[PDB]
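Neighbour counts run over all protein chains shown; Cβ positions are idealised from the backbone, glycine included. Values in this text are rule-based calculations from the coordinates and carry no lab data.
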Amino acid sequence: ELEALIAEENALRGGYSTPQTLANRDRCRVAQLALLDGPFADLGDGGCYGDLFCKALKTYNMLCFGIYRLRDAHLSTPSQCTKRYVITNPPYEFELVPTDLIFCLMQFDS
Amino acid sequence: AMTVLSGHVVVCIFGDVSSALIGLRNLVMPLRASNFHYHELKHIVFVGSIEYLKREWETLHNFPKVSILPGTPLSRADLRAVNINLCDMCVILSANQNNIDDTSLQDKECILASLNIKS
C-alpha cells in the first residue's frame, strides 16, 4: 500500500494518528545487546548460548540469532584490538564470554 | 486542478532543452481551422518540460486556447490534475529523436507512458 502511494505521488504524505496506525507501529527491530551489565550478565560468564536464547525468548520475547565476538578473545594474552567478527546461529552448547554482543530482534513497547 | 477540463486534447511531450524541435504548430494549426466554430474548438494542454516548450512558444502564441502544465508525462499527479479521464484525445510524442544504441529502445519512453495511462 505504501508502495502504491509512493508510486502515485512520488512523495511521502503525512497523516493524523489513528489507533489503526498506532497498532501498525508495533513491529520488531534489529538490535545488539552487551552481556556486561544487562539482565544476562551472570549467564554471559561461561554460560551456554542456548540458555541465553531460551531465557530471552521466554521472558522478553527476544529472538537471538548471532554473536558479534571480539576477534582477540580466544587468545590468552590481552590485546587492544576492538575488531569483532560475526558468528551466525551458534549451537546450543556454544560457550559465552562477557565481551560479546548478541544480535536480537526487539519488540516495540511504550 | 481548480479549472475543469472536459472534451479537450492532452499533448504529452518528452521534450528537452537541447532536443530537436518537432514543430508543434503543425499539430495546432489543423485544430484551429476557421471551419470550426469558436465553441467547437478543443482546448489543448501541453504537458512537458517548460525548457523545451519555451523554444516552441514563439510559433504558438497566436492561437486561442492553449495551456501549458510544466512537468512530466510519466507522473500520475500531473495527469490527474489535467483530467486525463475526460479528454477527447491524449497524444504522446517523443522529441528526443536522437540516435540510440538500439533502434527499438528509442520507443522506451512513450510505451511506458501509454502503459501508465491504461493503468
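So which helices (runs of 4 or more DSSP H) are wholly in the stretch B:24-99 and hold at least 1 residues that are within 14 Å of chain A (Cβ to nearest Cβ)? If you could, list the steps in order and put the result at the bottom.
Working: elements: B:25-31, B:50-56, B:76-81.
Filter on the stretch B:24-99 gives B:76-81.
Considering the stretch B:18-43 alone, what residues qualify as being among the polar types (S, T, N, Q) and farther than 15 Å from residue B:66 by Cβ? Spell out how you get there, then give the answer.
Kept after step one, since they are among the polar types (S, T, N, Q), are these residues of the stretch B:18-43: B:18-19, B:26, B:34-35.
Scanning the stretch B:18-43 gives B:18, B:19, B:34, B:35.
Looking only at residues in the stretch B:100-117 that are within 15 Å of the chain's Cα centre (by Cα) and either on the phi > 0 side of the Ramachandran plot or touching a residue at least 24 places away in the same chain (Cβ under 8 Å) (or both), which one is farthest from the other protein chains (Cβ to nearest Cβ)?
Among residues in the stretch B:100-117 that are within 15 Å of the chain's Cα centre (by Cα) and either on the phi > 0 side of the Ramachandran plot or touching a residue at least 24 places away in the same chain (Cβ under 8 Å) (or both), the one farthest from the other protein chains (Cβ to nearest Cβ) is B:110.
Is it true that residue A:90 is away from chain B (no Cβ under 14 Å) and either among the polar types (S, T, N, Q) or without any contact (Cβ under 8 Å) to a residue 24 or more places away in the chain (or both)?
Working: away from chain B (no Cβ under 14 Å): yes; either among the polar types (S, T, N, Q) or without any contact (Cβ under 8 Å) to a residue 24 or more places away in the chain (or both): no.
Here the answer is no, as residue A:90 does not meet what is asked.
Looking for whichever is touching a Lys or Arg at 6+ places or on another chain (Cβ under 8 Å), at negative phi and more than 14 Å from chain B (Cβ to nearest Cβ) here; the options are A:53, A:40. Which one fits?
On the way: A:53 fails: touching a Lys or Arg at 6+ places or on another chain (Cβ under 8 Å).
Result of the check over A:53, A:40: A:40.
Among the residues of the stretch A:10-24, count how many are assigned to a helix (DSSP H, G or I) and either surrounded by 10 or more Cβ atoms within 10 Å (Cβ to Cβ) or within 14 Å of chain B (Cβ to nearest Cβ) (or both).
Start the filter on the stretch A:10-24 by keeping residues that are assigned to a helix (DSSP H, G or I), which leaves A:19-24.
Imposing the further condition that a residue be either surrounded by 10 or more Cβ atoms within 10 Å (Cβ to Cβ) or within 14 Å of chain B (Cβ to nearest Cβ) (or both) reduces the set to A:21-22.
Result for the stretch A:10-24: 2.
Of the conditions (1) surrounded by 12 or more Cβ atoms within 10 Å (Cβ to Cβ); (2) within 14 Å of chain B (Cβ to nearest Cβ); (3) of a type outside the set (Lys, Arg), residue A:7 clears all except one; give me its number.
Exception for residue A:7: condition (1).
Any idea which residue in the stretch B:18-47 is farthest from residue B:117 (Cα to Cα), counting only those that are out of contact with any helix residue (DSSP H, G or I) (no Cβ under 7 Å at 6 or more places or on another chain), surrounded by 14 or more Cβ atoms within 10 Å (Cβ to Cβ) and touching a residue at least 40 places away in the same chain (Cβ under 8 Å)?
Residues of the stretch B:18-47 that are out of contact with any helix residue (DSSP H, G or I) (no Cβ under 7 Å at 6 or more places or on another chain), as a first pass: B:18, B:20, B:22-23, B:26-41, B:43, B:45.
Keeping just the survivors that are surrounded by 14 or more Cβ atoms within 10 Å (Cβ to Cβ) gives B:22, B:27-28, B:31-32, B:41, B:43, B:45.
When the remaining residues are screened for being touching a residue at least 40 places away in the same chain (Cβ under 8 Å), the result is B:22, B:27, B:45.
Numbers: B:22: 23, B:27: 22, B:45: 16 Å.
My answer is B:22.
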